[PDB]
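Student: Protein chains in written order, with the deposited numbering: chain A, 0 to 137; chain A', 0 to 137; chain B, 2 to 494. A prime marks a further copy of an entry chain.
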Amino acid sequence: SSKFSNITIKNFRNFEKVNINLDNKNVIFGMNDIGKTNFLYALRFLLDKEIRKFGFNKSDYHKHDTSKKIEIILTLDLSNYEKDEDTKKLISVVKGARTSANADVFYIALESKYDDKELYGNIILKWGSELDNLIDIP
Amino acid sequence: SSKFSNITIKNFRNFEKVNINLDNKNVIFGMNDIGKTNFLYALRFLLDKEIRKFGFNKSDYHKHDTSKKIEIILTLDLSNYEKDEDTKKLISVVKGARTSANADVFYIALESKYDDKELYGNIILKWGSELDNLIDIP
Amino acid sequence: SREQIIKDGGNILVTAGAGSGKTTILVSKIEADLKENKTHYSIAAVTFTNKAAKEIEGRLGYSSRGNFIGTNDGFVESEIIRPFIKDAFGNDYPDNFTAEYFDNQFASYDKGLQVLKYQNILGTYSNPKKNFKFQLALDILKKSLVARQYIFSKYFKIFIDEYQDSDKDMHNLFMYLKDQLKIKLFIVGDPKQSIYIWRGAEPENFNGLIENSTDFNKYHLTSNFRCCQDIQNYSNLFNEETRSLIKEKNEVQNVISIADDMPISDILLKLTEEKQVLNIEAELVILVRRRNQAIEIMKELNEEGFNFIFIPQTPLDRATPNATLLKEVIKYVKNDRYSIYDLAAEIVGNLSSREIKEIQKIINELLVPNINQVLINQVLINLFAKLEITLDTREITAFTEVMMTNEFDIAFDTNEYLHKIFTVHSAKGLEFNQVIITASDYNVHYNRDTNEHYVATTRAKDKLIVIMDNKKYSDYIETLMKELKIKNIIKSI
């Protein structure tokens, strides 16, 4: 009954592999102040244009390893489409990136591979109904 | 005999409509300190990724008029392709965006239209052999 | 040798044989030239199958030079046809075309242009000897000035694998890039007719370059390049043609001979613990001539705590034109983790996603169990009918027999095991690290099993252990050691 299902963070800073379920209202707390801040930044990189244009530095990669790719996936639930107005907002922009067989789910992913010569790994945003064949967000 | 032919700057800051021929080595000078700085920034916006991601503000539009579109075009000469190594650099990336009829010339343009609601006009880079049907740089 | 091969920066024509000698040198030659050249020019390697292109890309590493690693069909499609077809033939022709290999065969070059112009697809030629895509790509280059400028500006050298399978239209494009565009060509091929050819292969164009080309620099590769020098000397002495290439060494350590006095399991323990010339942690494999000789050795070792799995030679393990592809069809049927994309990678050409779905439909009939021998034969004919390849009668029965039983499942298993035992014919292809053989198997005086013995000796990579079961075997060594005046060619324990 919530649009926001769960978020997956792979190889981003201190997040080796972390899966967190979500809801509309989320509160994060704990001893690790670094983990809470990186959690919010991981969401900004996926959704905030201003913080996303700067790309990934060497430090953002987990344990400063540029071989491993950074991956941030946000799983969404579109089952309540009939009575949720904000769900229809997403449908109107996604257009044909959804399939009818998996119409209840939609993925929003962030993939990053590092280039040694360019000293800079860009942020590629993909979305789609199936996690296997995600397509680049136009 | 020079790859850099001329540059055109339309409706960018104090540049209403300005056409300047160019060469490999260029020196700019004069009383108008604002024009010289905006001239270099106009080149950075076209070619510098870091300065281009920030987009155009309301102040960058000529006379603060958001109706008029900002346009920066760089005309290039590819006639010396047989003996210029840097010319072959550009050809290898442009690939099929050139036509054989106008193989001697290539255009690199920057177009910007302002959105009132988004308070932000993005930078769209187009290139191509013909100035009429420029295509978005992939 | 190979050091002389990589130093040459001009047009290189390489004769490769015995397998794997072509792939390792190709990757090393590519990555070495990338390190020497700092300019913007890139390289382009083309392979017939998609697996070989993916195999080269994995070993090279990062391709930040913009280097192209892919299929021959995918190269001319993405680099020549698709970008510059509108420049060459006008705006009437599409750049979003979809190439289908199986459908829309036509008789004349003019007919295929209409299928591309109106039906918006790129079809193959009906004649297997004539390639329409390469005829189109060569035509586009001559028509389009930008097409010639881009190819020269992008690539300075082009690597070609398995050149003996290239057709004449495919050969014309490569020579056009060398003669007109002056692009360096690194060519790798097998001069022998062999068993494997692409449906439009003509070995004469490759053979003709070896005979009459003054531009290319010809080179040759050793068959047993991966084997160490000591194992090479022991293998080459049995065949007269091979005896001339080997050079004697003052000390021999890799080839061990021990007379079989104790039981078979005790010889294995003696070599592993008393002399430590074989490591139990390294892969160890034993050679037999027949399946019964492997079973008795496998059963004798299970009693002594040794664990072993034995790979038997399948009916498909036979030098036939479609043996390699038929085995891959079995691997897709037997193993669930083996993807359909892995099977499509072995097929020649870069098949589209729609064409992959049609081939997958034909093979899905073999995934149902207990559907008898008749249906397996028709699915096989339907499969190879799409590929325009006829199937040998014994190839069909060999494929069928493997499908019925689980006897040969582990021979096509994707999993890999450390300690195994294989027949001389079981692994005629793949090579092993350390191998132990027995002398009583091979008749050396009349050279009946010298070919099987030479294969047996060339399988071992690092350490080879020979059991001196036959006196006639040891006599043939000592007799030829006197003909060549060789004091030591073997290390005896």
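We treat Cβ as the ideally placed atom computed from N, Cα and C, and that holds for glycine.
(1) In whole angstroms, what is the alpha-carbon distance linking A:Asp83 and A:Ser1?
(2) Counting only Cβ pairs nearer than 8 Å, list the residues of chain A' close to B:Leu146.
(3) Once the 5 residues before and after B:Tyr94 are set aside, which same chain residues still bring their CB inside 7 Å of it?
(4) Could you spell out the range, first to last residue, of the alpha helix (DSSP H) harbouring A:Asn10?
(5) Hey, how far is the Cα of B:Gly20 from the Cα of B:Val456?
(6) Within the same chain, show all residues whose beta-carbon is closer than 6 Å to that of A:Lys16, passing over the 5 residues directly before and after it, in chain order.
(7) On a Cα-Cα basis, can you pick out the residue from B:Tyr151, B:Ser236, B:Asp111 and B:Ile211 that is closest to B:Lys134?
(8) Need the endpoints of the beta strand (DSSP E) that A:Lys125 sits in, please.
(9) If you compare alpha carbons, which of B:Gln194, B:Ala108, B:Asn132 and B:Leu222 is closest to B:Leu27?
(10) The region 68-97 of chain A': which residues have C-beta closer than 9 Å to a C-beta of chain B, in chain order?
(11) What is the DSSP secondary structure of B:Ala138, reduced to helix, strand or coil?
(12) Quick check: what's the CA-CA separation for A':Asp47 versus A:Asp22?
(13) For my contact list, B:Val47 and B:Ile152 are in at a C-beta cut-off of 8 Å; report their separation, rounded to the angstrom.
(14) With distance defined between alpha-carbon atoms, name the residue in B:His454, B:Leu384, B:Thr40 and B:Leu61 nearest to B:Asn237.
(15) Only counting runs of 3 or more residues, tell me where the beta strand (DSSP E) segments fall wholly within the region 146-214 of chain B, in order along the chain.
(16) Using a C-beta cutoff of 7 Å, does B:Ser224 count as contacting chain A'?
(17) Within 7 Å of any Cβ in chain A', is that where the Cβ of B:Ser154 sits?
(18) Strictly under 7 Å for the Cβ-Cβ distance: is B:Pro95 near chain A' by that measure?
(19) Beta carbon of A':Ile122, beta carbon of A':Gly54: below 7 Å?
(20) Counting beta carbon pairs with one atom in the region 308-325 of chain B and one in the region 396-404 of chain B, are three or more of them shorter than 8 Å?
(21) Among A':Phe28, A':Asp115, A':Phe14 and A':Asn25, whose alpha-carbon lies nearest the alpha-carbon of A':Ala41?
(22) Determine the chain A' residues that contact B:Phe85 at a beta-carbon separation under 7 Å, and present them in chain order.
(23) Give a yes or no on whether the minimum CB-CB distance between B:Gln136 and chain A' is below 7 Å.
(24) Can you grab the Cα-Cα spacing for the pair A':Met30 / A':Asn132, in whole Å?
(25) Buried or exposed for B:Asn308, please, with buried defined as at least 16 other CB atoms from any protein chain shown within 10 angstroms of its CB.
(26) Establish whether the CB of B:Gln150 and some CB of chain A' are separated by less than 7 Å.
(27) Note down, in chain order, all residues in the region 60-92 of chain B with a beta-carbon under 7 Å from any beta-carbon belonging to chain A'.
(28) Going along the chain, which unbroken runs of the alpha helix (DSSP H) with 4 or more residues stay wholly within the region 6-36 of chain B?
(29) Consult DSSP for B:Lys219 and reduce its assignment to one of helix, strand or coil.
(30) Quick check on DSSP: helix, strand or coil for B:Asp442?
(31) Tell me which residues share the same chain as B:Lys464 and place their Cβ nearer than 6 Å to its Cβ, disregarding the 5 neighbours each side in the sequence.
(32) Are the beta-carbon atoms belonging to A':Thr98 and A':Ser128 less than 7 Å from one another?
(33) To which residues does DSSP link A:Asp135 through a beta bridge?
(34) Where does B:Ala428 sit, in a helix, a strand or coil, going by DSSP?
(35) Measuring CB atoms only, is the region 419-436 of chain B touching the region 361-378 of chain B, in the sense that at least three cross pairs come out at less than 8 Å?
(36) Just list the residues that DSSP pairs A:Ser66 with in beta bridges.
Tutor: A quick look at the data gives this:
(1) Position 84 of the first sequence, counting from 1, holds the residue named residue 83 of chain A. Position 2 of the first sequence, counting from 1, holds the residue named residue 1 of chain A. Between A:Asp83 and A:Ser1, the C-alpha separation is close to 10 Å.
(2) Here residue 146 of chain B refers to the residue found at position 145 when the third sequence is read from its first residue. Going along chain A' in sequence order, the residues near B:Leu146 (Cβ under 8 Å) are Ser99 and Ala102.
(3) Locating residue 94 of chain B in the third sequence gives position 93, where the first residue counts as 1. So the list reads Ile86, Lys87, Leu117 and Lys118, once near-sequence residues are dropped.
(4) For the purposes of this step, residue 10 of chain A is taken as residue 11 along the first sequence, with counting starting at 1. Counting along the chain, A:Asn10 falls outside any alpha helix (DSSP H), though it belongs to the beta strand (DSSP E) covering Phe3 to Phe11.
(5) Taking the third sequence and counting its residues from 1, one reaches residue 20 of chain B at position 19. Taking the third sequence and counting its residues from 1, one reaches residue 456 of chain B at position 455. Each residue's alpha carbon lies about 13 Å from the other.
(6) Walking along the first sequence from the start, residue 16 of chain A turns up at place 17. Closer than 6 Å at the Cβ level, and outside the excluded window around A:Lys16, lie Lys9.
(7) By 1-based counting over the third sequence, the position of residue 134 of chain B is 133. Nearest C-alpha to B:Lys134: B:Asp111.
(8) The residue you call residue 125 of chain A lines up with position 126 of the first sequence. Unbroken beta strand (DSSP E) run through A:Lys125: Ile123 to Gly127.
(9) Indexing the third sequence from 1 puts residue 27 of chain B at position 26. Residue B:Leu222 is the option with its Cα nearest to B:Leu27.
(10) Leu77, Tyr80, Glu84, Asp85, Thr86, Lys87, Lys88, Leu89, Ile90, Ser91, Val92, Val93, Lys94, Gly95, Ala96 and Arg97
(11) Here residue 138 of chain B refers to the residue found at position 137 when the third sequence is read from its first residue. Here B:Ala138 sits in helix by DSSP.
(12) By 1-based counting over the second sequence, the position of residue 47 of chain A' is 48. By 1-based counting over the first sequence, the position of residue 22 of chain A is 23. Approximately 40 Å, taken between the alpha carbons.
(13) For the purposes of this step, residue 47 of chain B is taken as the residue at position 46 of the third sequence. For the purposes of this step, residue 152 of chain B is taken as the residue at position 151 of the third sequence. About 13 Å separates the two Cβ atoms, so there is no contact after all.
(14) Your numbering for residue 237 of chain B matches position 236 in the third sequence. Per the Cα distances, B:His454.
(15) 156-161 and 185-190
(16) Translated into positions along the third sequence, residue 224 of chain B becomes position 223. Not an interface residue.
(17) Counting from one through the third sequence, the residue named residue 154 of chain B turns up at place 153. Proximity of B:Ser154 to chain A', defined by a Cβ-Cβ separation below 7 Å, is satisfied.
(18) Start at 1 with the first residue of the third sequence, and residue 95 of chain B comes out as number 94. Not an interface residue.
(19) On the second sequence, residue 122 of chain A' is found 123 positions in, with the first residue counted as 1. On the second sequence, residue 54 of chain A' is found 55 positions in, with the first residue counted as 1. Going by C-beta atoms, A':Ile122 is nearer than 7 Å to A':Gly54.
(20) yes
(21) On the second sequence, position 42 is the one that residue 41 of chain A' refers to. Ranking the options by Cα distance to A':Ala41, first place goes to A':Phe14.
(22) Reading the third sequence from its first residue, position 84 is the one you call residue 85 of chain B. By Cβ distance, chain A' contributes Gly95.
(23) Locating residue 136 of chain B in the third sequence gives position 135, counting from the first residue. Closer than 7 Å: no.
(24) Position 31 of the second sequence, counted from the start, is the residue given in the question as residue 30 of chain A'. Position 133 of the second sequence, counted from the start, is the residue given in the question as residue 132 of chain A'. Between A':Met30 and A':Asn132, the C-alpha separation is close to 38 Å.
(25) Taking the third sequence and counting its residues from 1, one reaches residue 308 of chain B at position 307. B:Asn308 comes out exposed.
(26) Residue 150 of chain B sits at position 149 when you count from the first residue of the third sequence. Yes - at least one Cβ of chain A' is within 7 Å of the one on B:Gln150.
(27) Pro84, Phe85 and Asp88
(28) none
(29) Residue numbering aside, residue 219 of chain B sits at position 218 when the third sequence is read from its first letter. B:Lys219: strand per DSSP, three-state reduction.
(30) As a first step, residue 442 of chain B must be located in the third sequence, where it is residue number 441. Residue state, collapsed to three classes: helix.
(31) Residue numbering aside, residue 464 of chain B sits at position 463 when the third sequence is read from its first letter. Closer than 6 Å at the Cβ level, and outside the excluded window around B:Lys464, lie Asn255 and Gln435.
(32) Here the question's residue 98 of chain A' lines up with position 99 in the second sequence. Here the question's residue 128 of chain A' lines up with position 129 in the second sequence. Contact annotation: A':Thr98 and A':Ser128 have beta-carbon atoms nearer than 7 Å.
(33) On the first sequence, residue 135 of chain A is found 136 positions in, with the first residue counted as 1. Per DSSP, A:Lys125.
(34) The residue you call residue 428 of chain B lines up with position 427 of the third sequence. In the structure shown, B:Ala428 sits in coil (DSSP, three-state: anything other than H, G, I, E or B).
(35) no
(36) Residue numbering aside, residue 66 of chain A sits at position 67 when the first sequence is read from its first letter. Partner(s): none; A:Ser66 has no beta bridge.
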